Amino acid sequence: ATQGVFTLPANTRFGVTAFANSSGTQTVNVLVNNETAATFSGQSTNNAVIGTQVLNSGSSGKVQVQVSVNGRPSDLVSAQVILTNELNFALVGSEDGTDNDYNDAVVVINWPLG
(Lines of atoms letter the chains of each structure in order from A and count residues from 1; the text may use other names and numbers.)
(Lines give C-alpha, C1' and ligand atoms only; values in the text may rest on other atoms or scores of the structure.)
Protein backbone atom coordinates (compact mmCIF):
# COMPACT_ATOMS: atom_id res chain seq x y z
CA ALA A 1 0.00 0.00 0.00
CA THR A 2 1.05 3.58 -0.48
CA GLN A 3 2.91 4.96 2.55
CA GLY A 4 3.99 8.43 3.55
CA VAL A 5 0.95 10.20 2.05
CA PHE A 6 -1.50 12.02 4.31
CA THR A 7 -4.57 14.11 3.76
CA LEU A 8 -4.36 17.01 6.16
CA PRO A 9 -7.04 19.65 6.86
CA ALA A 10 -6.93 22.16 3.94
CA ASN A 11 -5.03 25.44 4.28
CA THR A 12 -3.71 24.45 7.70
CA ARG A 13 -0.23 24.90 9.22
CA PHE A 14 1.53 21.77 10.34
CA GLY A 15 4.92 20.92 11.80
CA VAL A 16 7.22 18.43 10.10
CA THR A 17 10.33 17.18 11.88
CA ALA A 18 12.92 14.59 10.87
CA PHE A 19 15.31 12.46 12.97
CA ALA A 20 18.30 10.46 11.68
CA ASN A 21 19.54 7.06 12.93
CA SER A 22 21.85 5.58 10.27
CA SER A 23 25.42 5.61 9.00
CA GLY A 24 23.95 6.91 5.72
CA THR A 25 23.19 10.56 5.09
CA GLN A 26 19.42 10.91 4.96
CA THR A 27 17.51 13.21 2.64
CA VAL A 28 13.88 13.84 3.50
CA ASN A 29 11.61 15.57 1.03
CA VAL A 30 8.23 16.95 2.00
CA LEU A 31 5.76 17.54 -0.87
CA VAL A 32 2.64 19.63 -0.54
CA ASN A 33 0.14 19.16 -3.37
CA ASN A 34 2.86 17.26 -5.23
CA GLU A 35 5.50 19.99 -5.08
CA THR A 36 8.61 20.02 -2.87
CA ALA A 37 8.01 22.33 0.09
CA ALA A 38 10.86 21.31 2.40
CA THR A 39 14.04 19.22 2.29
CA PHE A 40 16.04 18.08 5.30
CA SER A 41 19.34 16.20 5.41
CA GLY A 42 21.91 14.98 7.92
CA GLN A 43 23.81 11.99 9.29
CA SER A 44 23.47 10.74 12.86
CA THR A 45 23.16 7.44 14.72
CA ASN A 46 21.81 9.28 17.77
CA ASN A 47 18.46 10.72 16.66
CA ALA A 48 19.65 14.17 15.55
CA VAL A 49 16.84 16.51 14.55
CA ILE A 50 18.10 17.12 11.03
CA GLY A 51 15.22 19.43 10.25
CA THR A 52 12.04 20.95 11.61
CA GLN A 53 9.75 23.35 9.79
CA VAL A 54 6.24 24.73 9.73
CA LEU A 55 4.42 24.40 6.39
CA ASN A 56 0.91 25.05 5.15
CA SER A 57 -1.05 22.06 3.79
CA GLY A 58 -2.48 24.24 0.97
CA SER A 59 -5.75 23.98 -0.91
CA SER A 60 -5.80 20.20 -1.26
CA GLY A 61 -4.26 19.23 2.10
CA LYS A 62 -2.09 16.55 0.43
CA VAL A 63 1.26 15.99 2.15
CA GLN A 64 3.78 13.37 1.03
CA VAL A 65 7.06 12.38 2.69
CA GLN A 66 9.89 10.79 0.61
CA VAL A 67 13.22 9.62 2.00
CA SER A 68 16.39 8.74 0.13
CA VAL A 69 19.96 7.82 0.94
CA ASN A 70 22.67 8.45 -1.69
CA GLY A 71 19.92 8.79 -4.29
CA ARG A 72 18.20 5.48 -3.43
CA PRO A 73 14.61 5.69 -2.14
CA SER A 74 14.15 4.19 1.32
CA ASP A 75 11.28 1.80 2.06
CA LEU A 76 8.60 3.63 4.06
CA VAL A 77 6.11 2.73 6.79
CA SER A 78 3.47 5.20 8.04
CA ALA A 79 0.25 5.77 9.98
CA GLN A 80 -1.81 8.65 11.38
CA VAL A 81 -3.03 8.81 14.97
CA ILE A 82 -5.65 11.14 16.45
CA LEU A 83 -5.92 11.80 20.17
CA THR A 84 -9.03 13.19 21.84
CA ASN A 85 -10.66 13.61 18.38
CA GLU A 86 -8.44 16.60 17.71
CA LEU A 87 -4.67 16.21 18.06
CA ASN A 88 -3.04 14.63 14.98
CA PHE A 89 0.24 12.89 14.32
CA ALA A 90 1.30 11.57 10.94
CA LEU A 91 4.23 9.20 11.42
CA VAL A 92 6.83 7.90 8.97
CA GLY A 93 9.65 5.41 9.39
CA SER A 94 12.13 4.41 6.72
CA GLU A 95 14.70 1.73 6.00
CA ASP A 96 17.85 2.34 3.93
CA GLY A 97 19.58 -1.00 4.60
CA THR A 98 19.11 -4.58 5.67
CA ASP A 99 18.57 -4.52 9.43
CA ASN A 100 14.91 -3.47 9.22
CA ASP A 101 14.97 -1.14 12.21
CA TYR A 102 12.96 1.40 10.10
CA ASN A 103 14.40 4.34 12.04
CA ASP A 104 16.99 5.49 9.53
CA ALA A 105 14.97 8.61 8.95
CA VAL A 106 11.95 9.08 11.21
CA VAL A 107 9.48 11.85 10.29
CA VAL A 108 6.74 13.25 12.51
CA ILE A 109 4.06 15.60 11.21
CA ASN A 110 1.86 17.28 13.81
CA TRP A 111 -1.21 19.51 13.76
CA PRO A 112 -2.98 21.70 14.70
CA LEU A 113 -0.34 24.27 15.70
CA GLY A 114 -0.61 27.55 17.58
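One-based numbering along the sequence shown.
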Taking the deposited Cα B-factors and averaging over 74 to 82 and over 31 to 39, the higher mean is found in 31 to 39
Please compare 84 to 92 with 55 to 63 and say which has the higher mean C-alpha temperature factor in the record. 55 to 63
Would you mind checking where the Cα B-factor of residue 69 ranks among the modelled residues of its chain, as the lowest, middle or highest third? highest
Using the B-factors in the PDB entry, rank residue 11's C-alpha atom against the chain and give the third, lowest, middle or highest. middle
Here the Cα B-factor of residue 17, set against its chain, lands in the third termed lowest
